[PDB]
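For reference, the structure is listed below as structure tokens.
Start at 1 with the first residue, then count along the sequence. Whatever order the structure lists them in is the order used to number ligands and atoms, beginning at 1. Basis for what follows: all heavy atoms, side chains included, without hydrogens, waters or symmetry-related copies.
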Amino acid sequence: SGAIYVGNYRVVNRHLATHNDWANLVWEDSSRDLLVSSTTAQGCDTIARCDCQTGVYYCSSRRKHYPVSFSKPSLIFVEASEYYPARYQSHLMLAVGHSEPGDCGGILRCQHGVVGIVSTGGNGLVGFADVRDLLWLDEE
Ligand SMILES: COc1ccccc1CC(=O)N1C[C@H](C(N)=O)[C@@H](C)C1
Ligand SMILES: [Zn+2]
């Protein structure tokens, strides 16, 4: 589990969105595994607007933050899970790192801010849904 809280937005994995998220929906995209809902309170996270390919992510199944090198956002084939069939997921970045299904939502960050959230993994890989192109998260 986990979310990004920037401005009056909450960014979560679409597959973990709650009824309150759907009832306060701003934007969702199944191909990216992302959903954004509105919040009453202002958040403290800031979004990175950069080209970093190194950062640090939070892994709840180890209670640890790990440094990682990750690929550029791309269209990658992801195997079937409890939440989606096997399909291509867009804007996904892969790294070598520990992950388990409930690690989705952990933040990946660089010196500029939040880069994305854990969305996929297995066998010593972890995949992150990028948010750096969603410029509207920084306003209104
Ligand atoms: C945290 O991910 C794992 C880690 C180890 C093993 C398996 C997983 C699960 C995993 O790969 N997915 C990909 C799915 C997607 N974003 O399409 C999502 C619903 C679950
Ligand atoms: Zn950066």
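Annotation: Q89 places an N or O atom under 3.5 Å from an N or O atom of ligand 1; distance criterion only.
Scanning all protein heavy atoms for the shortest distance to atom 1 (C) of ligand 1 gives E100 O, 3.0 Å. Among all non-hydrogen protein atoms, the one lying nearest atom 18 (C) of ligand 1 is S119 O, 3.4 Å. Here the heavy atom of the protein found nearest to atom 17 (O) of ligand 1 is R87 NH1, 2.7 Å. Here the heavy atom of the protein found nearest to atom 19 (C) of ligand 1 is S81 OG, 3.4 Å. Protein heavy atom closest to atom 8 (C) of ligand 1, with residue, atom name and distance, is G121 O, 3.6 Å.
Vertex the Zn ion (ligand 2), arms ending at SG of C50 and SG of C52: the angle is 110° after rounding to 10 degrees. When SG of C110 and ND1 of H112 are joined through the Zn ion (ligand 2), the resulting angle is 120° to the nearest 10°.
Taking every heavy atom of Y83 and a limit of under 4.0 angstrom, the matching atoms of ligand 1 come to 19 (C). Near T120, the atoms of ligand 1 lying under 4.0 angstrom from a non-hydrogen atom of the residue are 1 (C), 2 (O), 3 (C), 10 (C), 11 (O), 12 (N), 13 (C), 15 (C), 16 (N). When each atom of ligand 1 is checked for a heavy atom of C104 under 4.0 Å away, the hits are 1 (C). Heavy-atom contacts of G122 reach the following atoms of ligand 1: 4 (C), 5 (C), 6 (C) (cutoff under 4.0 Å). Within the listing of ligand 1, atoms 13 (C), 17 (O) sit less than 4.0 angstrom from a heavy atom of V78.
In summary, the side chains of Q89 and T120 do not present any donor paired with an acceptor at a separation below 3.5 Å, with no hydrogens or angles considered. In this structure, a donor-acceptor pair under 3.5 Å is present between the side chains of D33 and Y84.
Without hydrogens or angle criteria, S69 side chain to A95 main chain gives no donor-acceptor distance under 3.5 Å. Proximity of a side-chain donor or acceptor of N13 to a complementary backbone N or O of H15 within less than 3.5 Å is not detected. Side-chain atoms of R10 never come within 3.5 Å of backbone atoms of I4 as a donor-acceptor pair (strictly under, hydrogens ignored). Although no hydrogens or angles enter the test, the distance criterion places a donor-acceptor pair under 3.5 Å between the side chain of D103 and the main chain of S60.
From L92, atom CG reaches atom NZ of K72 across 15.5 Å, with rounding to the nearest 0.5 Å. We find the SG-CZ distance between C110 and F70 to be 6.5 Å, quoted to the nearest 0.5 Å.
The shortest heavy-atom distance from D33 to ligand 1 is under 4.0 Å.
When hydrophobic clusters are built by joining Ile, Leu, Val, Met, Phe, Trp and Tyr residues whose side-chain heavy atoms come closer than 4.5 Å, directly or via intermediates, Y9 is grouped together with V131.
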